[PDB]
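Below, in structure tokens: the form deposited in one PDB entry, a single chain.
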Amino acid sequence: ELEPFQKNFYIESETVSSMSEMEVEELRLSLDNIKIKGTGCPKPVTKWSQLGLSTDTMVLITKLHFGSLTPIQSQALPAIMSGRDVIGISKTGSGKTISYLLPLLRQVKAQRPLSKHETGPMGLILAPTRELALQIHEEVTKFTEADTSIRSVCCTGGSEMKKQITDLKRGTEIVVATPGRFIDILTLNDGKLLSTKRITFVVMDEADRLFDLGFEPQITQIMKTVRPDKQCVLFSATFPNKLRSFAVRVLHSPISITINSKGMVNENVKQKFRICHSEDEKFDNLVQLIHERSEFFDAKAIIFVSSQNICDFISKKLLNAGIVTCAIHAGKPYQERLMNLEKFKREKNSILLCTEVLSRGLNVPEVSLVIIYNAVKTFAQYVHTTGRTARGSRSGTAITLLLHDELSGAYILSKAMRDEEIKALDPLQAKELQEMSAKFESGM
């Protein structure tokens, strides 16, 4: 008859809870393309203060972690603090450790102390190597140092067992261990020196490595002696089939968090840009682009603009210059939208001229060329506009005509383009891009 306990310690800050869904999508794209799976994921935070940690802890952390929250921290901290099981896929050095330590500290702190007959622990962190266990435990101590109500003992192989037994004699709220040693300690002396009965929180870090180094049997047996309503988080740089299979076995309604696994834009889309200095130059490029394309002759294009007034203007402009377009926007009667869409889907080598906001929902097949005439200002809009050309192997090209003053636009391009896409273009255009993006970035 299990003892009930609290796992959700998260109070969403007002400023975060005010965020809309579109805002949250955008924040995830900007944070190195965070991808989530699972139901009910809390919104990412962007500041240590949105987590409701005491001043002590705040001072301590800062001290402990210098600079901005990492993408993994932004998303994993509120999900774990909320008591959810979590799969966190991110590289070593992404700061993942505090992502689980803070919530673990909080959870263990809240539980009643160990009785005079209870060994502990309440929290268990498993690592595949002695070197990682020691590193994790060093972190832990930087927090248990201030607070004498909480101990951690590090239990690994390649190290005296008797030494660690002397520790565990005194009871311990937290254990950091390699799987073999832990199992060895559990079974030792009728399992009377270490109990699993009070473990409510298990973390497995570098989880892919645990299978690599043959620990499936040990970690599987450990999870079998742990209450199944425990909170469990699995952190790993990769997600091999073995881990995927293990998570299904040990987790409930997990939230998976993957940081920039793949590119925000399909890698088969060829992203390009041209930096211009007047609307006129932008228009000169747009025309050169439309003619040039013909020498490579389905093959259709879509010019994206930012407003209905711009769409009308550019439509007339392009007309006066011998180029006929199928123009579309929400200020036009639906009947003529349909006429233009059908004309576009009908006529060979047609050109659609469309507002960026209608891009996600356009009912047309993928195209060979997207010309973004007004650099978009969000990551979400960039994905929807460029995605109009995405088509696995048959993906075409998306090109942005950017103006010298469009700093945020350059920030987006610098974050969504592949490095090798920026290399193949003129090194001065490239250099301006990076300068534009840096200026925007320090602008905040």
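For clarity, a rigid core is taken as the largest C-alpha set superposing within 1.5 Å between two forms. Note that residue numbering begins at 1 and tracks the sequence as displayed.
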{"query": "Deposited residues omitted from coordinates between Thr62 and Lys63, as a class", "finding": "1 to 3"}
{"query": "Missing from the model but present in the deposited sequence, between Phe297 and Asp298", "finding": "10 or more"}
{"query": "Entry-level comparison of average CA B-factors, 414-422 and 377-385, reporting the higher stretch", "finding": "414-422"}
{"query": "360-368 versus 155-163 - greater average Cα B-factor per the deposited record", "finding": "155-163"}
{"query": "Deposited CA B-factor, highest of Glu118, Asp184, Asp208, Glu138", "finding": "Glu118"}
{"query": "Which of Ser408, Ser49, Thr70, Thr400 ranks first by CA B-factor in the deposited coordinates", "finding": "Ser49"}
{"query": "Chain thirds of CA B-factor: placement of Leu53", "finding": "highest"}
{"query": "Third of chain Cα B-factors occupied by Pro254", "finding": "lowest"}
{"query": "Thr325 - which third its CA temperature factor falls in, relative to the rest of the chain", "finding": "highest"}
{"query": "Third of the chain's Cα B-factor distribution that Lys317 belongs to, per the entry", "finding": "highest"}
{"query": "Relative C-alpha B-factor of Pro240, binned into the chain's lowest, middle or highest third", "finding": "middle"}
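Absent from the display: the form deposited in another entry. The rest refers to it.
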property: Threshold 2 Å Cα movement between the shown form and the other one for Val364, core superposed; result: yes
property: C-alpha of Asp280 off by 2 Å or more between the shown form and the other one on rigid core; result: yes
property: CA-CA separation of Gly38 and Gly361, closer or farther in that other deposited form than in the form shown [shift of 3 angstroms or more]; result: farther
